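Only one chain is given next, in structure tokens, and it is the form solved without ligand ADP.
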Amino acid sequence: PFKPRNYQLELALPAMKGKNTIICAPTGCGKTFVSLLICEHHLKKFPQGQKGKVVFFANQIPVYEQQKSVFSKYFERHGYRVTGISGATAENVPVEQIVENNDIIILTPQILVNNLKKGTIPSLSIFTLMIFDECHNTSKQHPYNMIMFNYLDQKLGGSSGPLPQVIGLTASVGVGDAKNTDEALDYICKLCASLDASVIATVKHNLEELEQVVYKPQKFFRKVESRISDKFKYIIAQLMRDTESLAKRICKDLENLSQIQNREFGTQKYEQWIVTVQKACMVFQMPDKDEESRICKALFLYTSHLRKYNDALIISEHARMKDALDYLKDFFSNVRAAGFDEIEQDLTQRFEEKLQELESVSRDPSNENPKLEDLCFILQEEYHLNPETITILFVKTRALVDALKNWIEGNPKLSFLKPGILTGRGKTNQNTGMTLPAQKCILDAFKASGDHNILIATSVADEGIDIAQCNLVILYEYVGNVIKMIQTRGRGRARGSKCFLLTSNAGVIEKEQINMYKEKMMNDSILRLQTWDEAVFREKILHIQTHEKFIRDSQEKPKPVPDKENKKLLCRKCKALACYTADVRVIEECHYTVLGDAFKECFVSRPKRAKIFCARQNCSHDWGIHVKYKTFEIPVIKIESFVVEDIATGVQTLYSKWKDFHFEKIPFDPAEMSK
């Protein structure tokens, strides 16, 4: 058995008396072993003929698997039954039987939320000890807060039933939107009332051991200047002006479609303006349908090209010009191969006229991003002293990950670096996700004396995921909140670690400094709370809980009624009729398909299974995909590909999700496909 340290025993001491405790301790101090000690002491306290049941909550699948393994290995000699349920372990055995036939259960919180909503688990009285991992997530509409709402409704309801003891583990409670110490204290009291905690446990009499175990890295701030002369931006701005003039020719009122004023190229405000203009131009209707179709298609193309130009400007701002040029080239190749008509012909020719000068500019070694030069200098200096350095690099977008990996690999001065890539799992319009086995493989490969010494990642590596110790942390234009800042510096716990923040904007550094001051506010508030009498704290928490319960009980609102009128679905790019809502069928309340031979003529299929597109030539707008259901291969459509026009009134509306569109949803019938 591992020998517990003194500060671990001090942290676990309040919980071993049966008090609801939030344990706040730095990252890397071993809160898992503290939870193990608390669970071991809790289970052995019951008299003969009685038993206690413990549930552990994990927020991610890898953490759930790791906790299940740790608990199973630690309690295997004691004769306790350990199990776990998650998304991959759910539809096998009834959950109530699994809970009743085990002593320690590792869960994802949504499983318990689902089973409490269903009624399979009627109450939380079946557990005697509840442990929340990363307890700072217990706010707003998180599943943690749903479980705690169930708990608190049972508590403040007169139901004389036993309730479990609640333990939470975190590294930072946070301050929310606090500006002074009073607001921070109010926020911390509210968080304590969420978890029914009356004690906050910190290391006081054993600080020296904690510092010899966990070391806080030194923080640096690096501000750089932007480019002096930008020819790339000049050319792209001229192209954007020409496109804007072309769009104004068709639509004379373009400047009154959006209320954004003083827009500038290459900014988020311009992107909001162009998105608003796009959504306004796709609902224009005219008595003449051919004129409406041609005008809407022209405006669609113009606005899409303007949006791509703005995206390229932003990419060039945060990376090399070559990345932006490649992005534009890929878009224009897809445009050339995606329904080349006369307007697309003109736009492509106008781009090709300047492509030569664009390529000449991006290949000049005097136009490199100063941010990249500073990053290269930092990496060179840090790896000169310690050749065995392990680095992690935080960026904002998934495209920046690939751009920086390419820049590192192509850099002759960074030949000692072996980049590794880590992104999220979900899929986007331009990027594919990363599967769990791939993430585990890269995480295992990234370590000392391994295949990689530098990791480029998005916010995946912020919380929960176990990573090898890093001597260097670089934040590339990367600032969040106080919890994120405290967690991020828990990655360089090694002695002599450093953290660097790289930016060309002063507000970024100012925000990081504001976070560093809010941290002191939070520490002072915690120290003030620990000196109160426990009865007064309990009364305060009870009052807060009563007020919150009253508000949330009064907040509940009803659900409106869907519309029974027939509607038309039109192509969002060319306004051609696709189908009516009378031909839409729902498969198992989540797949939407179209029945009839008329719809089959309105689309073409081009090769997973084949996608479907608008059959009208020169448009080829994406409409959906083919899926297999039982013995049938039917097509499924996306609501965000169509404009919804009412038959009677004639107004047109846009929707982004199928739940926003309220209409009669007729279930699919296998024998219906005969009329």
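We number the residues from 1 along the sequence you see. Just so we're on the same page, rigid core means the largest C-alpha set that superposes within 1.5 Å between forms.
Figure legend: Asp230 is marked as modelled in all of the other comparable entries of the protein, none of which omit it, let alone a third. Across the other entries compared, at least a third leave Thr432 without coordinates even though the residues on each side are present. Counting the deposited residues that fall between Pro607 and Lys608 and carry no coordinates gives a value of 10 or more.
Although it is not shown, the form deposited with ligand ADP bound is what the next lines describe.
Taking non-hydrogen atoms only, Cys29 approaches ligand ADP to within 4.5 angstroms in the bound PDB entry. Taking non-hydrogen atoms only, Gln60 never approaches ligand ADP to within 4.5 angstroms in the bound PDB entry.
Proximity of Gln66 to ligand ADP in the bound PDB entry falls within the 4.5 Å heavy atom cutoff. Contact check for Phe642: no non-hydrogen atom falls within 4.5 Å of ligand ADP in the bound PDB entry. Of the residues listed here (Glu100, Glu589, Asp533, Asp177), only one shifts its CA by 2 angstroms or more between the shown form and the other one after fitting on the rigid core, and it is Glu589. Superposed on the core, the two forms barely differ at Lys418: its CA moves less than 2 Å between the shown form and the other one. Taking the rigid core as fixed, one finds a CA shift for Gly157 smaller than 2 Å between the shown form and the other one. When two forms of a protein are overlaid on their rigid core, residues whose CA moves 2 Å or more are considered shifted, and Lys44 is not one of them between the shown form and the other one.
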